[PDB]
Protein chains: 2
Amino acid sequence: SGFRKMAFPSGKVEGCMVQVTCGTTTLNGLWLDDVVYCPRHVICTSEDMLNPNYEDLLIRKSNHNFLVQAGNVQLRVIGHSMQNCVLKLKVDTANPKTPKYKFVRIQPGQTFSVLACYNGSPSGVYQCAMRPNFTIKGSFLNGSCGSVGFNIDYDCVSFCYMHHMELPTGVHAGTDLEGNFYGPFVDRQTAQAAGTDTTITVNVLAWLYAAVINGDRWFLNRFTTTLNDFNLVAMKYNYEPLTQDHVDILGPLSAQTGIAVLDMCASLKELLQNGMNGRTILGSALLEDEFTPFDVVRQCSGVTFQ
Amino acid sequence: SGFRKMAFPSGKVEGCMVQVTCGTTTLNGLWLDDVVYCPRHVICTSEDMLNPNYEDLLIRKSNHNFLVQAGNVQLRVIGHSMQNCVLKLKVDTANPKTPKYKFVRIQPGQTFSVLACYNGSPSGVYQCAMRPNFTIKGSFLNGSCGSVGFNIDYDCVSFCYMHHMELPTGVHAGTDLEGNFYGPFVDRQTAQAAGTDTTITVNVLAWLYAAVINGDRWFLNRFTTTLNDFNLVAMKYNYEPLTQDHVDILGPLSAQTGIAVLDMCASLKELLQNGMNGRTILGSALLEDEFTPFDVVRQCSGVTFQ
Ligand SMILES: *[C@H](O)[C@H](C[C@@H]1CCNC1=O)NC(=O)[C@H](CC(C)C)NC(=O)[C@@H](NC(=O)OCc1ccccc1)[C@@H](C)OC(C)(C)C
Ligand SMILES: *[C@H](O)[C@H](C[C@@H]1CCNC1=O)NC(=O)[C@H](CC(C)C)NC(=O)[C@@H](NC(=O)OCc1ccccc1)[C@@H](C)OC(C)(C)C
């Protein structure tokens, strides 16, 4: 029993974090096979950040201007290129600790673990979700740039996020590992609006299922509702519309608890309409939306990795 | 910027989790040097759990009745003993992945990371606190027994917790690595009350400091208060009494933010007396108490490990 926001074990990703330096700027890179991946703004000064011509800036640099350090072991750069907003530094040695990996672009609402690093050394790990407006609400200080987000599927690490910037909100923006930003953001120190965020409705329902499984069932009400009537409530409350796809993925949770999806929708409707009267659900006084239906299944299934 | 409940990177502890089997019962053990540590109730059946005579039960067992598996590598048990509520199995090979480690008994209010495992394979990682009533509110299913809690100080892993049981609350109880329970609990399937829990006041203040650092300052009020007057409010609200020791440890936070400890005490007093009016602090509608003053300093300092 019990429900906790749980991150993947970070061992396989720790053995891939290196420190990349170019000029005075130092940040974290990801070392897989004989390639090091890091934010391309490692090549910028503080002044360059206001309006960088990245192709121009990169031309001034050669292989030896890039210092890659792995702990204290240290790598020879023999090729460099820019893929969108990441740089790829070709080094002379494969990472002997390269896990089975792949690069994936995740979708809004999906969750992932973040290993926050500084100077190429891991600091801590926490779990979060790609918000529908393609930001994440993380914990990132100066030098955490290049820290990565990932999921683990038994032995295979799916890298999905690399940290690039903080916005004027304290929210965070970043790219996949092909260097394509999530969201409309660019890697420039110029005012950028995230846009209206919305609540991940299918994740809220999954959490509400997780609550029922763990004994907390006071919100379980008398009522039911329709998909369209519930959706009509979701949008006054800035919730993402619920589709039949969302119903289907909550199916397993529906059948383990014996509660139809639409009856949970109605319970969630009165919660949106009436508040919590200062009660809590799984130790929270807010409706929690960074658990996917798979995060719930996996936590009350006990799935392991290595 | 940003504030997240962050766990230590689990890499050093992953390389120590093994699977221990005795009879039909299987659980997790911790393999350091040539010794494997695990809950002594691995030696019990389901019926034994109601009232176990552990010394008697252990006499029926020999070295070869204990199957230790590390991934698929596999260990030869050449000695076994019972230290309080842990068994120690002497194996024929040192763990080549033994980190610099030590065993520590932590105090109520301190925090630690938990690596939840099943069958000796890590499943996920999350952070928590030893509640003042010596329970933890974790996420533990059948077979997670023997999963450990730890802190990391640069390169040194301080193991402080091993999971043994769930109580009739869904809260969790366990031992240090010398096998001494935290709390008044015994390893028997007999009704056991945790006792009244209280809120870790010095941790709440630290979080409130963390909030100020991250821009959230609406609760910062006009008032101040005295240690004794605040304490008189803390105990109607089941808060732990605040000592001058607690003031001193909040000192660094006091000086980085320029807010006297007693003025935060008064802000926290009206929060206890008046609620949050449905507002939030660092994305929570509850007063958060599983961040120590060091967890705060370390997260807005960017301390790394390896
Ligand atoms: C790299 O380690 C660092 C990590 C940042 C700094 C502290 N926390 C973080 O997450 N990242 C950068 O320096 C990064 C480089 C860009 C190329 C991606 N820049 C930023 O994070 C800035 N973000 C930014 O300028 O966004 C657009 C903007 C918003 C508001 C006002 C003007 C422009 C940071 C440094 O800017 C702050 C945090 C808004 C001051
Ligand atoms: C070992 O993997 C397993 C882990 C438990 C089970 C699922 N979640 C967990 O945290 N632990 C045990 O089987 C453990 C063995 C004891 C020697 C420590 N026993 C328990 O966790 C039981 N706890 C218990 O009996 O506490 C006293 C008690 C409370 C309430 C009623 C009677 C006795 C569990 C199995 O008992 C439940 C969870 C109360 C059913």
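What counts, and where the lines are drawn
- Residues numbered from 1 in each chain as written, not as in the entry; some residues may be left out.
- Chains lettered and ligands numbered in written order.
- Heavy atoms only, no water.
- Near = heavy atom within 4 Å.
- Polar contact = N/O pair within 3.5 Å; in protein donor to acceptor, adjacent residues only side chain to side chain.
- Areas by Shrake-Rupley, 256 points an atom, 1.4 Å probe, with all protein chains shown as cover.
- Helix = DSSP H or I, 4+ residues; strand = E, 2+ residues; numbered from the N terminus.
- Nonpolar A, V, L, I, M, F, W, Y, C, P; charged D, E, K, R; others polar.
- Contact = heavy atoms within 4.5 Å.
- Buried area = accessible area lost by both parts, 1.4 Å probe.
- Salt bridge = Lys/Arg side-chain N within 4 Å of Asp/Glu carboxyl O.
- Least-squares fit on C-alpha atoms.
- Pairing = 2+ DSSP bridges.
- Buried < 20%, exposed > 50% of the residue type's maximum accessible area, 1.4 Å probe, protein only.
- Domains from an automatic or database assignment.
- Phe/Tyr/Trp six-rings, centres within 6.5 Å; stacked < 30°, edge-to-face > 60°.
- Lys NZ or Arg CZ within 6 Å of the ring centre and 35° of its normal.
- Axes fitted to C-alpha atoms, helices over the stretch in contact; angles between N-to-C directions.
- Parallel < 35°, antiparallel > 145°, perpendicular 65-115°, else oblique.
- Expected span 1.5 Å × (residues − 1).

For chain A, the PDB entry supplies the name 3C-like proteinase and the organism Severe acute respiratory syndrome coronavirus 2. Listed as the entry title in the PDB record is "Structure of the SARS-CoV-2 main protease in complex with inhibitor MPI6".

### Some details on the site of ligand 1
Residues and elements named next belong to chain A. In the neighbourhood of ligand 1, 20 residues make up the surrounding shell, with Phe140, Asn142, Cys145, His163 and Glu166 lying closest. Interatomic distance of 3.1 Å between a backbone N/O atom of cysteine 145 and an oxygen atom of ligand 1. Take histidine 163: an N or O atom from its side chain is 2.6 Å from an oxygen atom of ligand 1. When isolated, ligand 1 has an accessible area of 790 Å², and the protein chains bury 78% of it. Considering each element in turn, the shell around ligand 1 owes the most residues, four residues, to strand β12 (residues 156–166). In terms of residue class, the shell around ligand 1 is made up of seven nonpolar, ten polar and three charged.

### Thoughts on the site of ligand 2
All names here are of chain B. Close to ligand 2 lie 20 residues, the nearest being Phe140, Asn142, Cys145, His163 and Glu166. One of the backbone N or O atoms of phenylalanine 140 is found 3.0 Å from a nitrogen atom in ligand 2. Out of a free accessible area of 780 Å², ligand 2 has 78% covered by protein chains. Top contributing element to the shell around ligand 2 by residue count: strand β12 (residues 156–166), with four residues. By residue class, the composition of the shell around ligand 2 is seven nonpolar, ten polar and three charged.

### A few points about the environment of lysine 236 of chain B
Looking at where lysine 236 of chain B falls in the secondary structure, it is placed in the loop between α4 (227–234) and α5 (244–257). Along the chain, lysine 236 of chain B and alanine 193 of chain B lie 43 residues apart, while their C-alpha atoms are 22 Å from each other.

### Topic: the interface of chain B and chain A
At the junction of the two partners, chain B supplies 45 residues and chain A supplies 45 residues. A combined buried area of about 3200 Å² lies between chain B and chain A, and 53% of that area is made up of carbon and sulfur atoms. Between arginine 4 of chain A and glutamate 290 of chain B there is a salt bridge, with its nearest N and O atoms 2.9 Å apart. Our count for the contact surface shared by chain B and chain A stands at 27 residue pairs in polar contact. Broken down by secondary-structure element, the contributors of at least two residues to the side of chain B that touches chain A are α1 (11–14), β9 (111–118), β10 (121–129) and α7 (293–299) of chain B. Among the elements that line the side of chain B that touches chain A, the one with the most residues is β10 of chain B, at eight residues.

### What about the relation of the copies chain B and chain A?
The operation relating chain B to chain A is a screw motion whose rotation component is 180°, with 0.0 Å of axial translation and a residual RMSD of 0.0 Å. Between the two chains, the operation in question is that of a two-fold axis. Using C-alpha coordinates, one finds that chain B approaches the rotation axis most closely at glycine 11 of chain B, a distance of 1.8 Å. Take the interface residues of chain B: 100% of them recur as interface residues in chain A, which is what a same-surface contact looks like.

### Observations concerning the sheet that holds strand β4 (residues 66–70) of chain A
Within a sheet, adjacent strands bond to each other through the backbone by hydrogen bonds, running parallel or antiparallel. Residues and elements named next belong to chain A. Spatially, β5-β4-β1-β2-β3-β7-β6 is the arrangement adopted by the seven strands of the open sheet, whose pairing is antiparallel. Of all the strands in the sheet, just β5 (73–74) and β6 (77–83) have a single pairing partner and so form its edges. Of the strand pairs in this sheet, β4 and β5 are connected by two bridges, and their pairing is antiparallel. Following the sheet pairing, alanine 70 is matched in β5 by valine 73.

### Comments concerning the pattern of salt bridges
Residues and elements named next belong to chain B. Enumeration over the complete set of coordinates arrives at 16 salt bridges over all chains. Between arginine 105 and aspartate 176 there is a salt bridge whose closest N-O contact spans 2.7 Å. Here the residue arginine 105 occupies a position in the loop between β8 (101–103) and β9, and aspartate 176 occupies one in the loop between β13 (172–175) and α3 (201–213), the gap between them amounting to 71 residues. With relative accessibility at 43%, the residue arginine 105 sits in the partly exposed group.

### Structural notes on the domain arrangement of chain A
Taken as a whole, chain A is organised into domain 1 (1–14 + 100–197), domain 2 (15–99) and domain 3 (198–301). On a C-alpha basis, the centres of domain 2 of chain A and domain 3 of chain A stand 44 Å from each other.

### Regarding the packing of aromatic side chains
By the definition in use, this model includes 20 aromatic pairs over all chains. A centroid spacing of 6.5 Å and a plane angle of 75° characterise the contact between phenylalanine 103 of chain A and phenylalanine 159 of chain A, whose relative ring orientation is edge-to-face. Taken together, the positions of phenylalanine 103 of chain A in strand β8 (residues 101–103) and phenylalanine 159 of chain A in strand β12 put the pair 56 residues apart, joining distant regions of the chain. Judged by centre distance (5.1 Å) and plane angle (70°), the ring pair of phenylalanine 8 of chain B and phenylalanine 305 of chain B falls under edge-to-face. Of the two residues, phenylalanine 8 of chain B sits in the segment before α1 while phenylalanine 305 of chain B sits in the segment after α7, which places them 297 residues apart along the sequence. Among the aromatic side chains, those forming a connected cluster through ring pairs are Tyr37, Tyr101, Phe103 and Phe159 of chain A. The ring of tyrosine 182 of chain B is capped by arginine 105 of chain B, whose NZ or CZ atom sits 4.4 Å from the centre of that ring.

### Structural notes on the packing of helix α3 (residues 201–213) of chain A against helix α5 (residues 244–257) of chain A
All names here are of chain A. With their axes 10 Å apart at the nearest point, α3 and α5 run at an angle of 5° to one another. When the interaxial angle is binned, α3 and α5 end up roughly parallel. Mapping the contact onto sequence places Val202, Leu205, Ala206, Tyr209, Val212 and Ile213 in α3 and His246, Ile249, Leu250, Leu253, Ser254, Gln256 and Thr257 in α5. A breakdown of the residues in the contact of α3 with α5 according to their chemical character gives nine nonpolar, four polar and no charged.

### Comments concerning unusual backbone geometry
Apart from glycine, the bulk of residues carry a negative phi angle, and the bulk of peptide bonds sit in the trans form. Backbone geometry at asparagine 277 of chain A places phi at a positive 40°, although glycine is not the residue there. The backbone of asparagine 119 of chain B shows a phi angle near 60°, a positive value even though the residue is not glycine. Positionally, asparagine 119 of chain B belongs in the loop between β9 and β10.

### Concerning the environment of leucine 177 of chain B
All names here are of chain B. Its location among the elements puts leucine 177 in the loop between β13 and α3. C-alpha of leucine 177 to C-alpha of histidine 80: the two residues are 97 residues apart in sequence and 16 Å apart in space. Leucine 177 has contacts with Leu30, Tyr37, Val86, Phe103, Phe159, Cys160, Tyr161 and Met162, leaving out every residue within four places of it along the chain.

### Concerning the side chain of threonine 25 of chain A
Residues and elements named next belong to chain A. Looking at where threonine 25 falls in the secondary structure, it is placed in strand β2 (residues 25–32). Here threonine 25 falls in the buried class, since its relative accessible area comes to 16%. Within the local environment of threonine 25, its side chain forms a polar contact with the backbone oxygen of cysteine 44, the two atoms lying 2.9 Å apart. Setting aside residues no more than four positions away along its own chain, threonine 25 makes contact with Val20, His41, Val42 and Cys44.

### A look at helix α6 (residues 261–274) of chain A
Residue and element names in this part refer to chain A. Counted at 1.5 Å a residue, the expected span for α6 with its 14 residues is 20 Å, and the 20 Å between its end C-alpha atoms agrees. Taking burial as the measure, the 14 residues of α6 include ten buried ones, the bulk of the element. Here α6 has its buried residues at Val261, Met264, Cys265, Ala266, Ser267, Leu268, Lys269, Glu270, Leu271 and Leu272. Considering only its buried residues, α6 is in contact with α3, α4 (227–234) and α5. One or two steps after α6, the chain reaches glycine 275, where phi turns positive at roughly 80°.

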